[PDB]
Amino acid sequence: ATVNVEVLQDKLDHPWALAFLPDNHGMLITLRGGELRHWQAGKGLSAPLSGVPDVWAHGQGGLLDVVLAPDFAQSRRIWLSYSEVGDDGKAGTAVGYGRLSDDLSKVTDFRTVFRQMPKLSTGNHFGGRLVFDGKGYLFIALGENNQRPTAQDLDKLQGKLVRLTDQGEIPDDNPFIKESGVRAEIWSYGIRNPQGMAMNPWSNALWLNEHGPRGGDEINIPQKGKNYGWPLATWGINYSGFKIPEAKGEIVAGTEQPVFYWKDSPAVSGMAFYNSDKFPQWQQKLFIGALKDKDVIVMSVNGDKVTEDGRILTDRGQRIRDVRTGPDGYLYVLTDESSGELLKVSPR
Ligand SMILES: [Ca+2]
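As annotated in the PDB entry, the chain carries the name Glucose/sorbosone dehydrogenases and comes from Escherichia coli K12. Per the PDB record, the entry is named "Crystal structure of the soluble Aldose sugar dehydrogenase (Asd) from Escherichia coli in the apo-form". In the Subunit part of its UniProt record, the chain is described as follows: "Monomer." UniProt, in its Subcellular location section for the chain, records the words "Cell outer membrane".

A. Region of interest: the overall build of the chain. If you tally the helices and strands in the chain, you get 1 helix and 24 strands. Once the C-alpha set of the chain is aligned to its principal axes, its extents read approximately 55 × 45 × 35 Å. For the chain, contacts bridging at least 24 residues in sequence account for 56% of all contacts bridging at least 6.

B. Molecular detail of the UniProt feature "binding site: pyrroloquinoline quinone" in the chain. Per the UniProt record, "binding site: pyrroloquinoline quinone" is found at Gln 60 and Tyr 239. Within the secondary structure layout, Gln 60 lies in the loop between β5 (44-45) and β6 (63-68). With a relative accessible area of 32%, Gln 60 lands in the partly exposed category. Excluding residues within four positions of it along the chain, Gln 60 makes contact with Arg 32, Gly 123, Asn 124, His 125, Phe 126 and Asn 193. Within the structure, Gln 60 has its side chain in polar contact with the backbone nitrogen of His 125 (distance 2.8 Å). The residue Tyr 239 is located in the loop between β16 (217-220) and β17 (260-262) in this model.

C. Representation of the UniProt feature "active site" in the chain in the model. What UniProt calls "active site" maps, in this numbering, to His 125. By the secondary structure assignment, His 125 is in the loop between β9 (107-115) and β10 (130-132). Other than its neighbours up to four places away in sequence, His 125 contacts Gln 60, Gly 143, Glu 144, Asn 145, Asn 146, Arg 192 and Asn 193.

D. A look at the side chain of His 211. Locating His 211 in the fold gives a position in strand β15 (residues 205-211). By relative accessible area, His 211 is classed as buried at 11%. Among the polar contacts listed, one links the side chain of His 211 to the backbone oxygen of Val 268, at a separation of 2.6 Å. Once you skip the residues sitting within four places of it in the chain, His 211 turns out to touch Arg 192, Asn 193, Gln 195, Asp 217, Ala 267, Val 268 and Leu 291.

E. The arrangement of the environment of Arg 163 in detail. Following the sequence through the fold, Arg 163 ends up in strand β12 (residues 160-165). Classification of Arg 163 by relative accessible area gives buried; the value is 5%. Filtering out sequence-adjacent residues up to four positions away, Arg 163 remains in contact with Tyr 137, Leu 138, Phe 139, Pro 171, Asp 173, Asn 174, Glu 185 and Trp 187. In this structure the side chain of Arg 163 is engaged in a polar contact, spanning 2.7 Å, whose partner is the side chain of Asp 173.

Reading the values: the criteria
- Summary of conventions: residues on each chain are numbered from 1 in written sequence order, possibly unlike the entry numbering, and any residue without coordinates is omitted from what is shown.
- Water and hydrogen atoms play no part in the side-chain values, which are based on all heavy atoms of the structure.
- Residues with missing side-chain atoms are left out of burial classes, side-chain pairs and their counts.
- UniProt positions are given in the numbering used here, feature names are shortened, and annotations may be inferred rather than shown by experiment.
- For the purposes of this entry, the term helix denotes a DSSP run of H or I that reaches at least four residues, the term strand denotes a run of E that reaches at least two, and both are numbered from the N terminus.
- In this description, contact between two residues means that some pair of their heavy atoms is separated by no more than 4.5 Å.
- Only protein chains enter the accessibility calculation, which uses a 1.4 Å probe; a residue whose area is less than 20% of its type maximum is buried, one above 50% is exposed, and one in between is partly exposed.
- Identification of polar contacts relies on pairs of N or O atoms within 3.5 Å, with a donor-acceptor requirement for protein atoms, meaning one able to donate a hydrogen and the other able to accept it, and with residues adjacent in sequence counted only if both atoms are side-chain atoms.

Rendered as structure tokens:
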């Protein structure tokens, strides 16, 4: 109705993320069941690349993010996140990197450099998004594995935003490096299940989003050492309609508020800021996928504030998993379906 939509590729089995390859070489796409594939205009979709880690493809888990290292032009390094099982059948998020071959057929010498520990998931709340800040660091979004209180526990990597160096090492200036019992990898805590994350190109700061329970999805601007409240503070309720048992309220001293929340959850997903002159009407916007509402949320970004303009893609009836702004100034969208799609989207 308001946007143009081109289906670039169909029949994608639960795609989770995409990464644009430089010099018009197309893109990599993760399929959550465990396949990494290459798509390129005129060539279509490749067979699965070799060298990809085995994954625990159950519930919300599987093969999750794919992100190019900032120095990809020289290193050809690509990072992946995925769920990995432990010793009691429960799982946790894992993060590693390998080198993408020149011919795009394989990932070489993949190694896992970071693991969410303990592994507490039976299928839910892995997080998984990886974002490089472009100045030496890698941010890693971790859900609380559906064990609500653990998000507050600094000895556990549940419900945490992690910051590593861009090599996967622990930074010497991380907030809890000298805090007894605490995991040094932690940047922020008190998050439920983070989904989309992206660098705001106007503030050069990380923004993230997260699923609430029954309502209470959020956009946060996470800061060093800060508590985003979950499950002591929530804008949602339990699925029963009754309060989350651990919750003290919506606004709780010692915890940080989101910059936006929805009491009716879209089930927010991948997010992309738009800062291109290709489509000037989309300048200063943030586009957020909605899994439950089956569309994309269009928002106006105003410094550290954000407002909802409306929705696009609602008429297509597809759950939306990821949204990215391409180097060409188009929006690229992945749907969360058995017969999923890669869409190229532009305004009318
Ligand atoms: Ca919160």
